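Here is how the chains run, residue by residue.
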Amino acid sequence: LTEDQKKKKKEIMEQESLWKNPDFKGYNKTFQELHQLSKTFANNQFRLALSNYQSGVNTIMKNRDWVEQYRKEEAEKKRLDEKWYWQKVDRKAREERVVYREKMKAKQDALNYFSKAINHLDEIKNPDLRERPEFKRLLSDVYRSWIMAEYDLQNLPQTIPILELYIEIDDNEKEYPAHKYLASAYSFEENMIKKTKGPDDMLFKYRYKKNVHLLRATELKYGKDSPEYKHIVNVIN
Amino acid sequence: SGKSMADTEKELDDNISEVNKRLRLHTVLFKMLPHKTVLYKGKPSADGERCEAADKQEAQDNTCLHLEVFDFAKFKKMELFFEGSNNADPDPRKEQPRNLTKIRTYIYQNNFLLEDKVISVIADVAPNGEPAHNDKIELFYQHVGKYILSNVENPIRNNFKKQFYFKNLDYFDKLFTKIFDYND
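As a numbering rule, every chain is indexed from 1 in the order its sequence is written, which need not reproduce the entry's residue numbers; residues that lack coordinates are not presented. Throughout, the order in which chains and ligands are written sets their labels, letters from A for the former and numbers from 1 for the latter. Just a portion of a larger assembly is displayed, and each value is taken over that portion. As a rule here, side-chain values cover all heavy atoms of the structure and leave hydrogens and water aside. Residues with missing side-chain atoms are left out of burial classes, side-chain pairs and their counts.

What the deposited record gives as its method is cryo-EM, and the resolution it gives is 9.83 Å.

Written as structure tokens, this is what we have:
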């Protein structure tokens, strides 16, 4: 591979890791770095924004532990009134509904914390402070976790304004997952217009934006004038 | 503080460099549109800051690309001036990049404000040199007076490349790319 192809391969893997579903090793790495950045930044509103962001991610981590424990406790129950196939499926559907409703509440609490993290960053008014790598790192982490929290629950239309705000920050526009999620969420919205028989202007708006971010994600991962880039361009043209 | 300002300037210098490295590739269009985009082939002319469209658009001796962007009036213009002649081979799929001698851009509509003034013209006289080429970027200011980007305080200098120049370099690289892909 060339120096650009090797660099690109390395970067796509780092970006896929960046958007990895949360776990304990990523949590530890993320917050230890954010606290070191907070000490460098020495800004009380950034400190508060981080305290809230961490509380939001903690809500998510608490839920992941709850879901495993809940499913475990249910698995260990004896079901005496489960003689029929429809009884087994019904009980399964009831389990999934309880899990989804609890995940929905955890998402709502996590987004209230993320909203507070943003409201504190909003209080940093000095343009020299809003341009801080520390400011941009935290703001990117808040939006990324916010996008993922909604994405997991299939709340794709809600991810669009946050993905858009995300890609405007510190070259995030060059991230392949960011364009993949935008393209998928736009695709969902296009399908909503087709299913609900909505207006043509919105059909084409959503289709257009899907194709822009589909092609851009392709360009970023495979490169300009790659068999894959040429293919997507030829489908669009 | 000033540390972050320094890092921001460096990232912006590199972003304008990476796109200028892509813009130098549009030589592939000399031997060769998306809606509201008009491309002309030509040569550097007059005082060396402007591009004169060819009578023969397909001519092998064109060393400048002039691209006009319209929307709903003319909104933007870019002139890519290249160092060196084109390859003799008539097939654009075989053509190689040429370092840019200059990039000249104009903003007519959707004007950006830098400290409340419009920089309507940007003249980059070393687009493929060291990324840190602020002294090679002339700024023509309207409230058009000539300023040098390297003499701009810094946020200001950062806002110039973040809000005006990088974005125009990227917009035009994308338009030149669309034209190339559509005819390639």
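*Asks:* How should the overall build of chain B be read in this particular structure?
*Replies:* Helices and strands together make up the secondary structure of chain B, namely two helices and nine strands. A run of H or I in DSSP becomes a helix once it reaches four residues, and a run of E becomes a strand once it reaches two; helices and strands are each numbered from the N terminus. Counting from the amino terminus, helix and strand elements in chain B follow one another as α-β-β-β-β-β-β-β-β-β-α. Viewed in the frame of its principal axes, chain B has a C-alpha envelope of about 55 × 35 × 30 Å.

*Asks:* Looking at this model, I keep getting lost on the overall build of chain A. Mind explaining?
*Replies:* Looking only at helices and strands, chain A features ten helices and zero strands. Dimensions of chain A, computed from C-alpha atoms along their principal axes, come out at roughly 65 × 50 × 45 Å.

*Asks:* Teacher, can you tell me more about the pairing of strand β1 (residues 37-45) of chain B here?
*Replies:* Regular strands place their side chains on alternate faces of the sheet. All names here are of chain B. We treat two strands as partners when DSSP finds at least two bridges between them. The pairing of β1 with strand β3 (residues 64-70) spans six bridges and is classified as antiparallel. Across the sheet, the residue bridging to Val38 is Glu68, located in β3. One ladder, built from four bridges, connects β1 with strand β2 (residues 50-53); its direction is antiparallel. Its bridge partner being in β2, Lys43 is matched across the sheet by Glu52.

*Asks:* Mind showing me how you'd approach the pairing of β3 of chain B here?
*Replies:* Note: β3 of chain B against strand β4 (residues 74-82) of chain B, seven bridges, orientation antiparallel. Note that in β4 of chain B the partner of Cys64 of chain B across the bridge is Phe81 of chain B.

*Asks:* Please explain unusual backbone geometry as it appears in this structure.
*Replies:* Excluding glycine, residues mostly have negative phi values, and the peptide bonds linking residues are mostly trans. Positioned with a positive phi, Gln154 of chain A is a non-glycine residue whose angle comes to about 70°. Among the structural elements, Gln154 of chain A can be located in the loop between α6 (133-152) and α7 (160-168).

*Asks:* Quick question: what am I supposed to make of the packing of helix α3 (residues 44-75) of chain A against helix α4 (residues 85-122) of chain A here?
*Replies:* When two helices pack together, you describe them by how their axes are tilted relative to each other and by the distance separating the axes. Residue and element names in this part refer to chain A. The geometry of α3 relative to α4 is characterised by a closest axis approach of 8 Å and an angle of 170° between their N-to-C directions. Considering their axes alone, α3 and α4 lie roughly antiparallel with respect to each other. Residues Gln45, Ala49, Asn52, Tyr53 and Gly56 of α3 pack against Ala110, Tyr113, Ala117 and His120 of α4. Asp, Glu, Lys and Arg are counted as charged, while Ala, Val, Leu, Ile, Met, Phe, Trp, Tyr, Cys and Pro are counted as nonpolar; the rest, among them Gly, fall into the polar class. For the contact of α3 with α4, the per-class residue count stands at five nonpolar, four polar and no charged. Between the N-to-C directions of two axes lies an angle of 0 to 180 degrees, each axis being a line fitted to C-alpha atoms and, for a helix, fitted only over the stretch in contact. For classification purposes, an angle smaller than 35 degrees is called roughly parallel, one larger than 145 roughly antiparallel, one from 65 to 115 roughly perpendicular, and anything else oblique. Two residues qualify as a contact provided that any one of their heavy atoms is within 4.5 Å of a heavy atom in the partner residue.

*Asks:* Can you walk me through the environment of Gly42 of chain B in this structure?
*Replies:* All names here are of chain B. Take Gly42: it is sitting in strand β1. Taking the C-alpha atoms as reference points, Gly42 and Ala54, separated by twelve residues in sequence, lie 4.4 Å from one another. Every residue in contact with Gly42, bar those within four places of it in the chain, is listed here: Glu52, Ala53, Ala54, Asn62, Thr63 and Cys64.

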